[PDB]
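Undergrad: To start, I am sharing the structure in question, which I have written as structure tokens.
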Amino acid sequence: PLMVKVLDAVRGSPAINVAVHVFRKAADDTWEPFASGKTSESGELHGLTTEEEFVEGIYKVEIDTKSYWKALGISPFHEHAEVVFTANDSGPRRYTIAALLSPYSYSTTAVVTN
Amino acid sequence: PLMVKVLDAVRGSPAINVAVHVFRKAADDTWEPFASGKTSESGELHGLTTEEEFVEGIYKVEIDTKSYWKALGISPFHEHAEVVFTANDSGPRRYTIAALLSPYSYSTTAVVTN
Amino acid sequence: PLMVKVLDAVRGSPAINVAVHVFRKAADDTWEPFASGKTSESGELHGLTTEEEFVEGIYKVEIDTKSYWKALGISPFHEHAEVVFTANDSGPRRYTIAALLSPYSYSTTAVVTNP
Amino acid sequence: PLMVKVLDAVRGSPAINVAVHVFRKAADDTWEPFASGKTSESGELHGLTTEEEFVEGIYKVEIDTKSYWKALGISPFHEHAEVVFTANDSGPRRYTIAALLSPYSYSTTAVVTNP
Ligand SMILES: O=C(Nc1cc(Br)c(O)c(Br)c1)c1cc(Cl)ccc1Cl
Ligand SMILES: O=C(Nc1cc(Br)c(O)c(Br)c1)c1cc(Cl)ccc1Cl
């Protein structure tokens with residue numbers, strides 16, 4: 001039910017081999033590790049979770065943009081990019097979190113479908 | 001070699017049934033019709049052209065954003081969104097033109113891969 | 001009543017010396033030159049027009065992104081960024097057209113205010 | 001040396017009355033409150049800090065987008081938008097953090113200048 005896709009606005013390409021960590025907000029308001037992986041050749045990260053595991057709650061998707069840029073020899077501004085949202089069962093069932101990266105900027109959107 | 005994908009930043013969804021027209025710049029500097037279609041349920045428009053037809057040159061992708069918004073009952077700012085670029089055989093071979101729409105704003109990127 | 005601002009997402013800076021051409025759709029359906037200028041050191045282009053001159057119409061703001069990137073020695077994807085909109089059709093408004101540039105991407109937004 | 005500007009991509013306007021909280025990473029690795037404020041009618045938030053106070057460090061600028069959209073009666077996707085960056089590590093700089101909001105999307109950029 002959750003896919004992350006990352007694109008590079010400088011090169012006009014997927015952002016490949018970018019680390020992504022997903023956390024779930026715990027009862028005590030801390031961020032608990034939930035899923036992680038690295039984007040593929042298409043800039044996509046599939047298979048993070050299952051429907052059974054992905055219960056309603058607040059999630060954070062942290063994208064390691066800084067390591068991405070440094071690997072390409074580029075000095076970036078941000079430490080990482082964070083996307084924090086609530087999963088709601090009343091809405092559609094599949095979530096794509098997309099991010100478009102530049103050294104000093106990023107954009108993100110949600111594509112939420114059934 | 002050419003795909004167009006359109007997303008809606010207000011609803012968090014693909015932008016479905018959006019008209020898209022592609023033109024090629026002619027020798028006389030006019031814009032000649034090249035391909036067209038409507039985005040699918042995934043927000044994607046496939047099958048616009050073939051490798052044989054998609055020669056180097058300047059192309060314009062016009063996205064009918066105004067009709068899209070009006071169909072949803074929303075007053076938009078722009079008449080359309082235009083994306084104008086050069087296809088270059090020295091670069092990778094497959095082009096995805098992606099656009100993210102809001103009533104008063106849009107973003108576009110190119111994903112160019114082999 | 002019309003201002004254009006351009007920022008550079010690679011440098012984290014204003015986009016300086018960006019050429020901008022504004023056209024207005026004529027009776028015969030052609031794009032008539034209306035005004036032009038260059039962004040300043042702040043990334044802003046002021047003084048394009050006047051409230052008398054900026055009548056109702058369909059306007060095109062062409063931001064010469066290719067020229068900008070090439071002048072920096074970069075080979076970018078797009079020829080330019082065009083922003084096309086109807087203006088002043090419910091009386092005079094002030095318009096800021098903002099753009100944020102990367103070599104293979106751009107975004108644009110409008111800020112529309114009623115004086 | 002720190003300014004936050006927020007625009008609304010739905011309305012085509014500044015995003016007014018947006019709450020912003022700035023944190024600085026402490027020695028123990030926690031996010032310490034540093035400053036906070038609200039955007040004005042221009043969408044701008046000035047006066048967060050001073051050059052004395054804005055020392056080197058890792059800063060987080062939290063823009064309370066959910067609160068903004070809810071106050072407008074809209075149900076948005078994100079909780080907030082966070083912008084996290086190292087500041088002043090090669091001496092004092094001025095930073096503008098700009099954001100452009102839609103209910104299911106946002107973008108952010110930095111303008112960094114050396115006075
Ligand atoms: O639609 C966007 N990216 C995108 C999102 C998905 Br889902 C895709 O399958 C592809 Br191809 C591209 C996008 C576009 C801009 Cl102009 C800014 C931000 C995003 Cl995330
Ligand atoms: O708010 C934006 N730019 C901007 C627009 C204006 Br008008 C300014 O005075 C400043 Br300072 C910045 C913007 C931000 C993103 Cl993240 C994407 C596109 C734009 Cl035009």
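Residues are named by chain letter and number: chains run A, B, ... in the order of the structure tokens, numbers start at 1 in each chain, and ligands are numbered from 1 in the order shown.
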Taking only C-alpha atoms into account, what are the residues of chain B at most 12 Å from chain D, put as a JSON list (two decimals) with C-alpha atoms, in the first residue's frame?
TA:
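So iface-v1.json came out as:
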```json
[["chain", "number", "residue", "atom", "x", "y", "z"],
["B", 7, "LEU", "CA", -0.81, 14.57, -11.44],
["B", 8, "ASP", "CA", -3.24, 16.65, -9.33],
["B", 9, "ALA", "CA", -1.78, 18.33, -6.26],
["B", 10, "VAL", "CA", -5.19, 19.36, -4.87],
["B", 11, "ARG", "CA", -6.82, 15.93, -4.78],
["B", 12, "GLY", "CA", -3.69, 13.84, -4.53],
["B", 13, "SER", "CA", -4.49, 11.82, -7.57],
["B", 14, "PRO", "CA", -3.63, 11.23, -11.16],
["B", 69, "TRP", "CA", -9.94, 22.26, -13.50],
["B", 74, "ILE", "CA", -12.43, 24.84, -9.89],
["B", 75, "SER", "CA", -11.41, 28.21, -11.38],
["B", 76, "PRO", "CA", -7.90, 28.00, -12.65],
["B", 77, "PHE", "CA", -5.33, 30.59, -13.46],
["B", 78, "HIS", "CA", -3.58, 29.33, -16.57],
["B", 100, "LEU", "CA", 2.03, 18.36, -11.27],
["B", 101, "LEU", "CA", -0.99, 20.67, -11.33],
["B", 102, "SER", "CA", -2.55, 23.14, -8.92],
["B", 103, "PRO", "CA", -5.09, 25.82, -9.79],
["B", 104, "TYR", "CA", -2.54, 28.67, -9.68],
["B", 105, "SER", "CA", 0.68, 26.71, -10.20],
["B", 106, "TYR", "CA", 2.28, 23.88, -12.05],
["B", 107, "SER", "CA", 5.57, 22.05, -12.00]]
```
Undergrad: Tell me, as a PyMOL selection string, which residues lie within 7 Å of range 40-55 of chain B, counting only C-alpha atoms; anything in the same chain fewer than 6 positions away does not count.
TA: chain B and resi 1-7+14-17
Undergrad: Give me, as a list in words, all polymer residues having an atom no more than 9 Å from residue 68 in chain C, counting only C-alpha atoms and skipping those fewer than 5 positions away in the same chain.
TA: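 Neighbouring residues, sequence-local ones excluded: residues 15, 16, 17, 18, 19, 73 and 74 of chain C.
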Undergrad: Go ahead and write the residues just picked, C-alpha atoms, as a CSV table (one decimal), in the first residue's frame.
TA:
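Now in again_20.csv:
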```csv
chain,number,residue,atom,x,y,z
C,15,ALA,CA,18.3,33.7,-11.1
C,16,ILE,CA,20.0,36.9,-12.2
C,17,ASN,CA,19.9,38.2,-15.8
C,18,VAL,CA,17.1,36.0,-17.0
C,19,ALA,CA,15.4,37.4,-20.1
C,73,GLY,CA,27.6,26.9,-19.2
C,74,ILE,CA,25.0,24.2,-18.5
```
Undergrad: Given the choices C:75, C:64, C:59, C:83, which gets closest to residue 33 in chain C if the distance is worked out from only C-alpha atoms?
TA: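 Residue with the minimum atom-to-atom distance to residue 33 in chain C: C:59.
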Undergrad: Just list as a ChimeraX atom specification whatever in range 12-88 of chain A DSSP marks as alpha helix (DSSP H).
TA: /A:65-71
Undergrad: Take the residues just selected and output them with C-alpha atoms as a short mmCIF file (atom, residue, chain, number, x, y, z; two decimals), in the first residue's frame.
TA:
```cif
data_model
loop_
_atom_site.label_atom_id
_atom_site.label_comp_id
_atom_site.auth_asym_id
_atom_site.auth_seq_id
_atom_site.Cartn_x
_atom_site.Cartn_y
_atom_site.Cartn_z
CA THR A 65 19.03 13.41 -0.14
CA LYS A 66 22.33 14.60 1.28
CA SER A 67 24.17 11.32 0.56
CA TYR A 68 22.55 11.24 -2.88
CA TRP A 69 23.94 14.61 -3.88
CA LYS A 70 27.36 14.01 -2.33
CA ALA A 71 27.72 10.76 -4.30
#
```
Undergrad: Could you list, as an mmCIF file with N, CA, C and O atoms, in the first residue's frame, the residues of chain D having an atom within 8 Å of chain C when counting only C-alpha atoms?
TA:
```cif
data_model
loop_
_atom_site.group_PDB
_atom_site.id
_atom_site.type_symbol
_atom_site.label_atom_id
_atom_site.label_comp_id
_atom_site.auth_asym_id
_atom_site.auth_seq_id
_atom_site.Cartn_x
_atom_site.Cartn_y
_atom_site.Cartn_z
ATOM 1 N N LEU D 7 3.541 30.561 0.206
ATOM 2 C CA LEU D 7 2.518 30.885 -0.810
ATOM 3 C C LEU D 7 1.536 29.739 -0.935
ATOM 4 O O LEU D 7 1.842 28.560 -0.683
ATOM 5 N N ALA D 9 -0.867 27.751 -3.549
ATOM 6 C CA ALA D 9 -0.979 27.396 -4.957
ATOM 7 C C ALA D 9 -2.411 27.184 -5.422
ATOM 8 O O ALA D 9 -2.652 27.037 -6.616
ATOM 9 N N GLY D 12 -3.716 31.204 -5.217
ATOM 10 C CA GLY D 12 -2.869 32.177 -5.871
ATOM 11 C C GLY D 12 -2.593 33.415 -5.060
ATOM 12 O O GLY D 12 -2.769 34.568 -5.480
ATOM 13 N N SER D 13 -2.173 33.160 -3.820
ATOM 14 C CA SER D 13 -2.052 34.220 -2.841
ATOM 15 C C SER D 13 -0.927 33.876 -1.840
ATOM 16 O O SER D 13 -0.535 32.718 -1.762
ATOM 17 N N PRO D 14 -0.523 34.865 -1.058
ATOM 18 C CA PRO D 14 0.311 34.486 0.101
ATOM 19 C C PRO D 14 -0.507 33.563 1.001
ATOM 20 O O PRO D 14 -1.732 33.622 1.045
ATOM 21 N N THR D 109 12.176 25.761 -1.309
ATOM 22 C CA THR D 109 13.511 26.151 -1.796
ATOM 23 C C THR D 109 14.182 27.087 -0.824
ATOM 24 O O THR D 109 13.546 27.633 0.040
ATOM 25 N N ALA D 110 15.498 27.162 -0.918
ATOM 26 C CA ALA D 110 16.290 28.056 -0.088
ATOM 27 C C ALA D 110 17.000 29.054 -0.977
ATOM 28 O O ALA D 110 17.518 28.720 -2.057
ATOM 29 N N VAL D 111 17.031 30.264 -0.488
ATOM 30 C CA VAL D 111 17.867 31.347 -1.054
ATOM 31 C C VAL D 111 18.862 31.737 0.026
ATOM 32 O O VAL D 111 18.462 32.225 1.094
ATOM 33 N N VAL D 112 20.132 31.535 -0.271
ATOM 34 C CA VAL D 112 21.205 31.717 0.692
ATOM 35 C C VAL D 112 22.131 32.789 0.135
ATOM 36 O O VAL D 112 22.643 32.655 -0.991
ATOM 37 N N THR D 113 22.324 33.848 0.891
ATOM 38 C CA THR D 113 23.129 35.015 0.487
ATOM 39 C C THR D 113 24.158 35.353 1.552
ATOM 40 O O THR D 113 24.026 35.039 2.737
#
```
Undergrad: Step one, run DSSP on the backbone; step two, keep only residues of chain A assigned to strand (DSSP E or B); then write them as a ChimeraX atom specification.
TA: /A:2-8,13-14,19-25,31-38,44-45,57-63,78-87,94-102,105-113
Undergrad: List the spatial neighbours of residue 87 in chain C as a ChimeraX atom specification - criterion: any atom at most 8 Å away, only C-alpha atoms, same-chain residues fewer than 6 positions off excluded.
TA: /C:55-59,93
Undergrad: Would you write out those residues with N, CA and C atoms, as a short mmCIF file (atom, residue, chain, number, x, y, z; two decimals), in the first residue's frame?
TA:
```
data_model
loop_
_atom_site.label_atom_id
_atom_site.label_comp_id
_atom_site.auth_asym_id
_atom_site.auth_seq_id
_atom_site.Cartn_x
_atom_site.Cartn_y
_atom_site.Cartn_z
N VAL C 55 -4.10 46.12 -20.14
CA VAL C 55 -5.53 45.93 -20.29
C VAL C 55 -5.90 44.47 -20.20
N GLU C 56 -7.20 44.18 -20.17
CA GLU C 56 -7.65 42.81 -20.27
C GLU C 56 -7.04 42.13 -21.49
N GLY C 57 -6.77 40.86 -21.36
CA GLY C 57 -6.32 40.07 -22.47
C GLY C 57 -5.74 38.74 -22.02
N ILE C 58 -5.27 37.94 -22.96
CA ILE C 58 -4.58 36.70 -22.71
C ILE C 58 -3.13 37.02 -22.91
N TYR C 59 -2.34 36.81 -21.86
CA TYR C 59 -0.91 37.12 -21.84
C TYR C 59 -0.07 35.86 -21.74
N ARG C 93 -5.98 43.75 -11.70
CA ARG C 93 -5.30 43.01 -10.62
C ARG C 93 -3.80 43.18 -10.77
#
```
Undergrad: Distance CA of residue 73 in chain A-CA of residue 92 in chain D, one decimal place?
TA: 24.1 Å
Undergrad: Which residue out of B:56, B:81, B:87, B:92 has the minimum interatomic distance to ligand 1 when only C-alpha atoms and all ligand atoms are used?
TA: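 When distances to ligand 1 are compared using only C-alpha atoms and all ligand atoms, the smallest one comes from B:81.
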Undergrad: B:93, B:18, B:83, B:88: which is nearest ligand 1, counting only C-alpha atoms and all ligand atoms?
TA: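 Closest candidate: B:83.
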Undergrad: Taking only C-alpha atoms and all ligand atoms into account, name the residue in B:24, B:112, B:62, B:31 that is nearest to ligand 1.
TA: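 Smallest separation from ligand 1 among the options: B:112.
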Undergrad: What is the distance, in Å and to one decimal place, between CA of residue 80 in chain B and CA of residue 60 in chain C?
TA: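 CA of residue 60 in chain C lies at a distance of 10.7 Å from CA of residue 80 in chain B.
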Undergrad: Report, in Å with one decimal, the straight-line distance from CA of residue 110 in chain A to CA of residue 99 in chain B.
TA: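 These atoms are spaced 13.4 Å apart.
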